[PDB]
Amino acid sequence: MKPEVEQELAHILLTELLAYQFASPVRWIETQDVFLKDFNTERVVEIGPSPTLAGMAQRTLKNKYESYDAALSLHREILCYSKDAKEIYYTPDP
Amino acid sequence: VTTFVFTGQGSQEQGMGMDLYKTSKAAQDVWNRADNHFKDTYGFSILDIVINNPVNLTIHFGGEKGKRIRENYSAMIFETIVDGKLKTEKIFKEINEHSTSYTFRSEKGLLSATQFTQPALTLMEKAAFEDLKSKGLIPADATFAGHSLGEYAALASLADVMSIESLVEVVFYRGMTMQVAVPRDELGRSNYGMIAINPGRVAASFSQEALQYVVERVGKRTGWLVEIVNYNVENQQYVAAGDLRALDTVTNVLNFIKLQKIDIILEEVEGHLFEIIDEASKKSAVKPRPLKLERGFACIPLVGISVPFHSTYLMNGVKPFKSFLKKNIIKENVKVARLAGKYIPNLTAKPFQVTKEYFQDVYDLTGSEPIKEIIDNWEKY
């Protein structure tokens with residue numbers, strides 16, 4: 001694939017994804033299974049005014065992956081931009 | 001290893017992002033660029049709406065600038081292609097060549113209508129990411145995703161598929177599209193909302209087995225529209241959308257199945273709650289059309305949502321939306337290297353890949369003809 005046909009296909013795939021997104025169910029359960037399990041994400045940073053997504057990632061991390069995180073010694077960090085600014089920006093309180 | 005998740009519509013409060021707007025040069029460039037575009041194109045300031053949250057906002061079409069702004073409103077259209085035969089396009093607003101003003105009206109603040117909350121939320125998330133990026137805090141290979149509206153903000157932040165002016169313009173449009181998508185009849189009150197359902201807070205339930213059954217059987221022999229639209233937390237959070245009549249029915253039925261303890265781990269078990277649906281519909285079909293949702297045993301209403309997003313109701317116009325996106329997302333700005341393996345769409349909870357299998361899975365979920373022909377002639381070499 002030349003990197004112009006691939007760009008065209010990516011454009012006309014993104015278009016359909018965004019066009020059908022608002023008329024299709026949001027599969028957030030399988031989405032956070034992707035980045036918590038397949039990627040083994042250590043820092044989850046939520047961008048937004050409230051910790052909506054961060055709270056529901058923490059709930060997912062207790063309902064599942066509790067034994068998974070302990071066995072693999074994963075230290076997950078769930079940071080919301082609105083409240084965990086010091087940890088996101090690396091400005092610890094002395 | 002970092003993942004960035006962008007939140008969608010929800011509690012959008014007065015003054016959000018304004019603390020960062022005062023201290024961050026990167027955030028200022030995001031807001032000022034969008035505020036200038038809104039003021040020049042539509043004669044209002046999104047910054048003013050965020051800071052002050054006015055109940056009403058009047059746009060005046062006085063002079064040459066006013067007449068240019070009025071023609072921008074007049075060109076705004078609503079297309080619902082494949083509505084039966086073909087297009088049945090209409091016009092967003094009652095603004096004509098003799099109009100001198102237009103008033104946006106709300107109950108307790110215009111930072112609650114989807115045409116203003118969606119650009120405001122997209123801006124505050126873009127400004128925060130731009131300020132994080134200006135401090136060198138964004139890892140190169142970070143994965144990202146967004147919840148409903150957050151998906152569009154995530155793409156503009158990590159992939160830069162649109163400019164700020166195009167992003168806010170195509171969010172304000174499609175914000176007004178949904179504002180007129182539901183038949184708000186008398187007091188701007190269409191009977192539509194969302195409720196968050198905790199299926200474990202009522203009894204033993206499941207993702208698509210027990211809670212989904214009380215929703216699919218209440219929509220297949222009653223003729224109404226109730227759908228599960230968000231799968232947020234397994235066994236603990238599911239969002240239903242549809243008629244504000246059916247949301248009250250669902251919350252009452254779940255309250256009664258909590259009070260009357262049942263264990264489930266035709267008409268015997270399959271149709272028992274079908275009879276329950278029949279008896280609950282009679283008390284429900286006579287309900288007055290307007291109502292206010294109340295917190296229940298398992299159901300908590302979603303404040304700030306009035307459109308049945310992610311349901312089959314908004315399915316007639318998906319191709320006019322598809323055509324609108326093609327004219328505003330330029331192919332030259334896609335930058336597949338910023339998307340492949342890092343972007344997880346809501347429609348497909350799988351990392352973005354330009355592959356035949358990825359196209360096939362999208363087709364197996366939407367039935368899009370362009371995707372089908374792409375698959376059919378995938379030998380694009």
# chains A, B, ... in the order shown; residues from 1 in each chain; ligands from 1
$ residues_around --residues "residue 78 in chain B" --least-positions-apart "3" --cutoff "12 Å" --atoms "only C-alpha atoms" --output "ChimeraX atom specification"
/B:74-75,81,87-93,173-182,316-318,320-321,324
$ write_last_selection --atoms "C-alpha atoms" --output "PDB file, in the first residue's frame"
ATOM      1  CA  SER B  74     -30.184  30.607   7.026  1.00  0.00           C
ATOM      2  CA  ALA B  75     -27.790  28.173   5.312  1.00  0.00           C
ATOM      3  CA  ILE B  81     -31.691  11.039   3.853  1.00  0.00           C
ATOM      4  CA  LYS B  87     -34.032  13.133   1.315  1.00  0.00           C
ATOM      5  CA  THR B  88     -36.542  15.225   3.261  1.00  0.00           C
ATOM      6  CA  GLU B  89     -34.157  18.076   4.041  1.00  0.00           C
ATOM      7  CA  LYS B  90     -35.406  21.104   5.970  1.00  0.00           C
ATOM      8  CA  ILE B  91     -34.078  24.283   7.599  1.00  0.00           C
ATOM      9  CA  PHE B  92     -32.810  24.536  11.179  1.00  0.00           C
ATOM     10  CA  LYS B  93     -34.288  27.928  12.022  1.00  0.00           C
ATOM     11  CA  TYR B 173     -23.493  22.185  13.645  1.00  0.00           C
ATOM     12  CA  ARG B 174     -24.515  18.640  14.665  1.00  0.00           C
ATOM     13  CA  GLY B 175     -25.177  20.221  18.049  1.00  0.00           C
ATOM     14  CA  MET B 176     -28.054  22.163  16.537  1.00  0.00           C
ATOM     15  CA  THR B 177     -28.869  19.142  14.362  1.00  0.00           C
ATOM     16  CA  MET B 178     -29.677  17.127  17.494  1.00  0.00           C
ATOM     17  CA  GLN B 179     -31.433  20.126  19.058  1.00  0.00           C
ATOM     18  CA  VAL B 180     -33.996  19.844  16.233  1.00  0.00           C
ATOM     19  CA  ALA B 181     -33.744  16.062  15.792  1.00  0.00           C
ATOM     20  CA  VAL B 182     -36.441  15.353  18.408  1.00  0.00           C
ATOM     21  CA  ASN B 316     -32.252   7.805   9.358  1.00  0.00           C
ATOM     22  CA  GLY B 317     -29.635  10.519   9.164  1.00  0.00           C
ATOM     23  CA  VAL B 318     -26.282   8.743   9.323  1.00  0.00           C
ATOM     24  CA  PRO B 320     -26.116  12.898   5.590  1.00  0.00           C
ATOM     25  CA  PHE B 321     -23.853  12.966   8.642  1.00  0.00           C
ATOM     26  CA  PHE B 324     -21.148  16.228   6.189  1.00  0.00           C
TER      27      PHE B 324
END
$ residues_around --residues "residue 61 in chain A" --least-positions-apart "5" --cutoff "9 Å" --atoms "only C-alpha atoms" --output "JSON, numbers by chain"
{"A": [36, 56, 66, 69, 76]}
$ closest_residue --among "B:20, B:59, B:187, B:47" --to "chain A" --atoms "only C-alpha atoms"
B:20
$ select_by_dssp --residues "range 26-93 of chain A" --states "alpha helix (DSSP H)" --output "VMD selection string"
chain A and resid 28 to 33 52 to 63 66 to 72 85 to 89
$ residues_around --residues "residue 8 in chain A" --least-positions-apart "6" --cutoff "12 Å" --atoms "only C-alpha atoms" --output "PyMOL selection string"
(chain A and resi 1-2+14-15) or (chain B and resi 326+329-336+354+374+380)
$ residues_around --residues "residue 325 in chain B" --least-positions-apart "6" --cutoff "12 Å" --atoms "only C-alpha atoms" --output "VMD selection string"
(chain A and resid 11 to 20) or (chain B and resid 152 161 to 162 166 to 167 169 to 171 173 to 174 318 to 319 331)
$ residues_around --residues "range 64-73 of chain B" --least-positions-apart "4" --cutoff "10 Å" --atoms "only C-alpha atoms" --output "number ranges by chain"
B: 39-43, 59-60, 77, 91-102
$ residues_around --residues "residue 31 in chain B" --least-positions-apart "6" --cutoff "8 Å" --atoms "only C-alpha atoms" --output "PyMOL selection string"
chain B and resi 21+47+123+127
$ closest_residue --among "B:249, B:122, B:32, B:346" --to "chain A" --atoms "only C-alpha atoms"
B:346
$ closest_residue --among "B:46, B:240, B:168, B:218" --to "residue 309 in chain B" --atoms "only C-alpha atoms"
B:240
$ atom_distance --atom1 "CA of residue 4 in chain B" --atom2 "CA of residue 304 in chain B"
23.7 Å
$ residues_around --residues "residue 89 in chain A" --least-positions-apart "3" --cutoff "8 Å" --atoms "only C-alpha atoms" --output "PyMOL selection string"
(chain A and resi 85-86) or (chain B and resi 132+137)
$ interface_residues --of "chain A" --to "chain B" --cutoff "6 Å" --atoms "only C-alpha atoms" --output "PDB file with N, CA, C and O atoms, in the first residue's frame"
ATOM      1  N   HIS A  11      -8.988   7.807   5.813  1.00  0.00           N
ATOM      2  CA  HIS A  11      -9.959   8.897   5.832  1.00  0.00           C
ATOM      3  C   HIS A  11     -11.381   8.368   5.717  1.00  0.00           C
ATOM      4  O   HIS A  11     -12.263   8.739   6.502  1.00  0.00           O
ATOM      5  N   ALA A  19     -19.429   8.692  11.659  1.00  0.00           N
ATOM      6  CA  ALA A  19     -20.805   8.874  11.211  1.00  0.00           C
ATOM      7  C   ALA A  19     -21.749   7.911  11.916  1.00  0.00           C
ATOM      8  O   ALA A  19     -22.866   8.289  12.284  1.00  0.00           O
ATOM      9  N   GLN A  21     -21.033   6.441  14.831  1.00  0.00           N
ATOM     10  CA  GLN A  21     -20.806   6.425  16.273  1.00  0.00           C
ATOM     11  C   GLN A  21     -22.020   6.936  17.044  1.00  0.00           C
ATOM     12  O   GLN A  21     -22.455   6.311  18.016  1.00  0.00           O
ATOM     13  N   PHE A  22     -22.587   8.066  16.622  1.00  0.00           N
ATOM     14  CA  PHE A  22     -23.661   8.679  17.395  1.00  0.00           C
ATOM     15  C   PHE A  22     -24.988   7.942  17.260  1.00  0.00           C
ATOM     16  O   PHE A  22     -25.937   8.279  17.975  1.00  0.00           O
ATOM     17  N   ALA A  23     -25.079   6.954  16.370  1.00  0.00           N
ATOM     18  CA  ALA A  23     -26.279   6.142  16.211  1.00  0.00           C
ATOM     19  C   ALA A  23     -26.069   4.690  16.622  1.00  0.00           C
ATOM     20  O   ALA A  23     -26.910   3.843  16.313  1.00  0.00           O
ATOM     21  N   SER A  24     -24.966   4.380  17.294  1.00  0.00           N
ATOM     22  CA  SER A  24     -24.656   3.019  17.694  1.00  0.00           C
ATOM     23  C   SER A  24     -24.260   2.992  19.160  1.00  0.00           C
ATOM     24  O   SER A  24     -23.762   3.989  19.687  1.00  0.00           O
ATOM     25  N   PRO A  25     -24.465   1.865  19.842  1.00  0.00           N
ATOM     26  CA  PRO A  25     -24.121   1.796  21.267  1.00  0.00           C
ATOM     27  C   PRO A  25     -22.637   2.035  21.504  1.00  0.00           C
ATOM     28  O   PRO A  25     -21.789   1.633  20.708  1.00  0.00           O
ATOM     29  N   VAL A  26     -22.332   2.699  22.614  1.00  0.00           N
ATOM     30  CA  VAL A  26     -20.949   2.961  22.996  1.00  0.00           C
ATOM     31  C   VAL A  26     -20.416   1.744  23.741  1.00  0.00           C
ATOM     32  O   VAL A  26     -20.899   1.403  24.825  1.00  0.00           O
ATOM     33  N   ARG A  27     -19.420   1.081  23.156  1.00  0.00           N
ATOM     34  CA  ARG A  27     -18.845  -0.131  23.737  1.00  0.00           C
ATOM     35  C   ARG A  27     -17.663   0.210  24.647  1.00  0.00           C
ATOM     36  O   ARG A  27     -16.524  -0.185  24.413  1.00  0.00           O
ATOM     37  N   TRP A  28     -17.956   0.958  25.712  1.00  0.00           N
ATOM     38  CA  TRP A  28     -16.891   1.388  26.611  1.00  0.00           C
ATOM     39  C   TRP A  28     -16.375   0.244  27.476  1.00  0.00           C
ATOM     40  O   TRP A  28     -15.233   0.295  27.943  1.00  0.00           O
ATOM     41  N   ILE A  29     -17.194  -0.784  27.708  1.00  0.00           N
ATOM     42  CA  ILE A  29     -16.746  -1.930  28.497  1.00  0.00           C
ATOM     43  C   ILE A  29     -15.624  -2.665  27.774  1.00  0.00           C
ATOM     44  O   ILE A  29     -14.591  -2.995  28.365  1.00  0.00           O
ATOM     45  N   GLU A  30     -15.810  -2.926  26.479  1.00  0.00           N
ATOM     46  CA  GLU A  30     -14.768  -3.566  25.691  1.00  0.00           C
ATOM     47  C   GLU A  30     -13.625  -2.620  25.355  1.00  0.00           C
ATOM     48  O   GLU A  30     -12.521  -3.087  25.063  1.00  0.00           O
ATOM     49  N   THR A  31     -13.862  -1.307  25.392  1.00  0.00           N
ATOM     50  CA  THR A  31     -12.790  -0.355  25.136  1.00  0.00           C
ATOM     51  C   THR A  31     -11.784  -0.341  26.280  1.00  0.00           C
ATOM     52  O   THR A  31     -10.571  -0.415  26.052  1.00  0.00           O
ATOM     53  N   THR A  41      -1.962  -0.719  30.463  1.00  0.00           N
ATOM     54  CA  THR A  41      -1.723   0.694  30.729  1.00  0.00           C
ATOM     55  C   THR A  41      -1.442   0.925  32.207  1.00  0.00           C
ATOM     56  O   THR A  41      -2.148   0.409  33.078  1.00  0.00           O
ATOM     57  N   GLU A  42      -0.401   1.706  32.488  1.00  0.00           N
ATOM     58  CA  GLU A  42      -0.033   2.056  33.853  1.00  0.00           C
ATOM     59  C   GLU A  42      -0.589   3.402  34.289  1.00  0.00           C
ATOM     60  O   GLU A  42      -0.930   3.571  35.462  1.00  0.00           O
ATOM     61  N   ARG A  43      -0.681   4.369  33.379  1.00  0.00           N
ATOM     62  CA  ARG A  43      -1.272   5.670  33.664  1.00  0.00           C
ATOM     63  C   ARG A  43      -2.473   5.883  32.754  1.00  0.00           C
ATOM     64  O   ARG A  43      -2.321   5.979  31.532  1.00  0.00           O
ATOM     65  N   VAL A  44      -3.655   5.961  33.350  1.00  0.00           N
ATOM     66  CA  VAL A  44      -4.873   6.340  32.649  1.00  0.00           C
ATOM     67  C   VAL A  44      -5.177   7.784  33.015  1.00  0.00           C
ATOM     68  O   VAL A  44      -5.443   8.092  34.184  1.00  0.00           O
ATOM     69  N   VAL A  45      -5.128   8.674  32.030  1.00  0.00           N
ATOM     70  CA  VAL A  45      -5.353  10.097  32.243  1.00  0.00           C
ATOM     71  C   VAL A  45      -6.670  10.472  31.581  1.00  0.00           C
ATOM     72  O   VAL A  45      -6.817  10.342  30.360  1.00  0.00           O
ATOM     73  N   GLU A  46      -7.622  10.941  32.379  1.00  0.00           N
ATOM     74  CA  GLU A  46      -8.902  11.391  31.857  1.00  0.00           C
ATOM     75  C   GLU A  46      -8.859  12.893  31.628  1.00  0.00           C
ATOM     76  O   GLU A  46      -8.542  13.660  32.542  1.00  0.00           O
ATOM     77  N   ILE A  47      -9.179  13.307  30.409  1.00  0.00           N
ATOM     78  CA  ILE A  47      -9.291  14.715  30.058  1.00  0.00           C
ATOM     79  C   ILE A  47     -10.763  15.091  30.140  1.00  0.00           C
ATOM     80  O   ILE A  47     -11.599  14.519  29.432  1.00  0.00           O
ATOM     81  N   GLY A  48     -11.084  16.043  31.007  1.00  0.00           N
ATOM     82  CA  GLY A  48     -12.447  16.477  31.172  1.00  0.00           C
ATOM     83  C   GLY A  48     -12.685  17.200  32.478  1.00  0.00           C
ATOM     84  O   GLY A  48     -11.804  17.291  33.337  1.00  0.00           O
TER      85      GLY A  48
END
$ select_by_dssp --residues "range 120-346 of chain B" --states "strand (DSSP E or B)" --output "list in words"
residues 143, 144, 145, 146, 192, 193, 194, 195, 196, 197, 226, 227, 228, 229, 230, 231, 232, 233, 237, 238, 239, 240, 241, 242, 243, 299, 300, 301 and 343 of chain B
$ write_last_selection --atoms "N, CA and C atoms" --output "mmCIF file, in the first residue's frame"
data_model
loop_
_atom_site.group_PDB
_atom_site.id
_atom_site.type_symbol
_atom_site.label_atom_id
_atom_site.label_comp_id
_atom_site.auth_asym_id
_atom_site.auth_seq_id
_atom_site.Cartn_x
_atom_site.Cartn_y
_atom_site.Cartn_z
ATOM 1 N N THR B 143 -1.906 5.539 23.621
ATOM 2 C CA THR B 143 -3.202 5.203 23.059
ATOM 3 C C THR B 143 -4.269 6.130 23.631
ATOM 4 N N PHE B 144 -5.365 6.274 22.894
ATOM 5 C CA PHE B 144 -6.404 7.202 23.309
ATOM 6 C C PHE B 144 -7.765 6.698 22.856
ATOM 7 N N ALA B 145 -8.792 7.165 23.559
ATOM 8 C CA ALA B 145 -10.180 6.872 23.236
ATOM 9 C C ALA B 145 -11.044 7.947 23.870
ATOM 10 N N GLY B 146 -12.290 8.016 23.429
ATOM 11 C CA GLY B 146 -13.222 8.996 23.954
ATOM 12 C C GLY B 146 -14.615 8.418 24.059
ATOM 13 N N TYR B 192 -37.698 12.660 25.873
ATOM 14 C CA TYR B 192 -36.501 11.868 25.619
ATOM 15 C C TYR B 192 -35.420 12.206 26.636
ATOM 16 N N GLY B 193 -34.761 11.170 27.144
ATOM 17 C CA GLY B 193 -33.683 11.334 28.091
ATOM 18 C C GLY B 193 -32.889 10.052 28.223
ATOM 19 N N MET B 194 -32.040 10.010 29.250
ATOM 20 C CA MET B 194 -31.224 8.835 29.525
ATOM 21 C C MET B 194 -31.207 8.536 31.017
ATOM 22 N N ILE B 195 -31.124 7.247 31.351
ATOM 23 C CA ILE B 195 -31.013 6.785 32.729
ATOM 24 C C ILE B 195 -29.862 5.794 32.823
ATOM 25 N N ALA B 196 -29.064 5.919 33.880
ATOM 26 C CA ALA B 196 -27.999 4.970 34.165
ATOM 27 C C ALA B 196 -28.544 3.860 35.054
ATOM 28 N N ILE B 197 -28.389 2.617 34.612
ATOM 29 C CA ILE B 197 -28.976 1.464 35.282
ATOM 30 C C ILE B 197 -27.857 0.611 35.861
ATOM 31 N N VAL B 226 -37.012 1.764 23.484
ATOM 32 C CA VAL B 226 -36.066 1.808 24.593
ATOM 33 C C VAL B 226 -34.877 0.947 24.202
ATOM 34 N N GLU B 227 -33.676 1.509 24.304
ATOM 35 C CA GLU B 227 -32.460 0.793 23.949
ATOM 36 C C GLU B 227 -31.389 1.056 24.994
ATOM 37 N N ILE B 228 -30.527 0.066 25.198
ATOM 38 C CA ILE B 228 -29.304 0.265 25.967
ATOM 39 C C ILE B 228 -28.280 0.901 25.036
ATOM 40 N N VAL B 229 -27.820 2.098 25.384
ATOM 41 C CA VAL B 229 -26.961 2.866 24.492
ATOM 42 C C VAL B 229 -25.514 2.946 24.964
ATOM 43 N N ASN B 230 -25.247 2.850 26.264
ATOM 44 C CA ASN B 230 -23.883 2.849 26.779
ATOM 45 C C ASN B 230 -23.645 1.589 27.594
ATOM 46 N N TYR B 231 -22.593 0.855 27.245
ATOM 47 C CA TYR B 231 -22.085 -0.245 28.061
ATOM 48 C C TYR B 231 -20.840 0.287 28.761
ATOM 49 N N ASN B 232 -21.026 0.857 29.951
ATOM 50 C CA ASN B 232 -19.935 1.568 30.610
ATOM 51 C C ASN B 232 -19.152 0.672 31.568
ATOM 52 N N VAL B 233 -19.816 0.106 32.571
ATOM 53 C CA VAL B 233 -19.175 -0.787 33.531
ATOM 54 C C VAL B 233 -19.936 -2.103 33.542
ATOM 55 N N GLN B 237 -23.062 -0.572 35.316
ATOM 56 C CA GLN B 237 -23.488 0.683 34.705
ATOM 57 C C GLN B 237 -23.881 0.440 33.259
ATOM 58 N N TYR B 238 -25.153 0.684 32.952
ATOM 59 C CA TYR B 238 -25.667 0.621 31.590
ATOM 60 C C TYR B 238 -26.642 1.772 31.419
ATOM 61 N N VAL B 239 -26.508 2.515 30.327
ATOM 62 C CA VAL B 239 -27.346 3.678 30.068
ATOM 63 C C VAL B 239 -28.419 3.293 29.061
ATOM 64 N N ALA B 240 -29.672 3.556 29.410
ATOM 65 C CA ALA B 240 -30.795 3.362 28.507
ATOM 66 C C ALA B 240 -31.247 4.711 27.964
ATOM 67 N N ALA B 241 -31.679 4.721 26.707
ATOM 68 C CA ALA B 241 -32.186 5.931 26.079
ATOM 69 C C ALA B 241 -33.473 5.611 25.336
ATOM 70 N N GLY B 242 -34.314 6.618 25.190
ATOM 71 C CA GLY B 242 -35.564 6.465 24.479
ATOM 72 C C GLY B 242 -36.597 7.434 25.012
ATOM 73 N N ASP B 243 -37.861 7.056 24.831
ATOM 74 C CA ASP B 243 -38.963 7.888 25.291
ATOM 75 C C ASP B 243 -38.865 8.121 26.792
ATOM 76 N N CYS B 299 -31.842 2.857 38.948
ATOM 77 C CA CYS B 299 -31.775 3.824 37.859
ATOM 78 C C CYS B 299 -31.545 5.224 38.415
ATOM 79 N N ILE B 300 -30.509 5.886 37.926
ATOM 80 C CA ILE B 300 -30.209 7.280 38.251
ATOM 81 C C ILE B 300 -30.299 8.092 36.967
ATOM 82 N N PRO B 301 -31.129 9.133 36.912
ATOM 83 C CA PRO B 301 -31.259 9.912 35.673
ATOM 84 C C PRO B 301 -29.966 10.632 35.313
ATOM 85 N N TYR B 343 -5.766 4.565 18.349
ATOM 86 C CA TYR B 343 -7.118 5.084 18.486
ATOM 87 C C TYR B 343 -8.102 3.922 18.562
#
$ closest_residue --among "A:7, A:60, A:67, A:82" --to "residue 35 in chain A" --atoms "only C-alpha atoms"
A:60
$ closest_residue --among "A:40, A:92, A:34, A:3" --to "residue 68 in chain A" --atoms "only C-alpha atoms"
A:40
$ closest_residue --among "A:50, A:32, A:58, A:63" --to "residue 77 in chain A" --atoms "only C-alpha atoms"
A:58
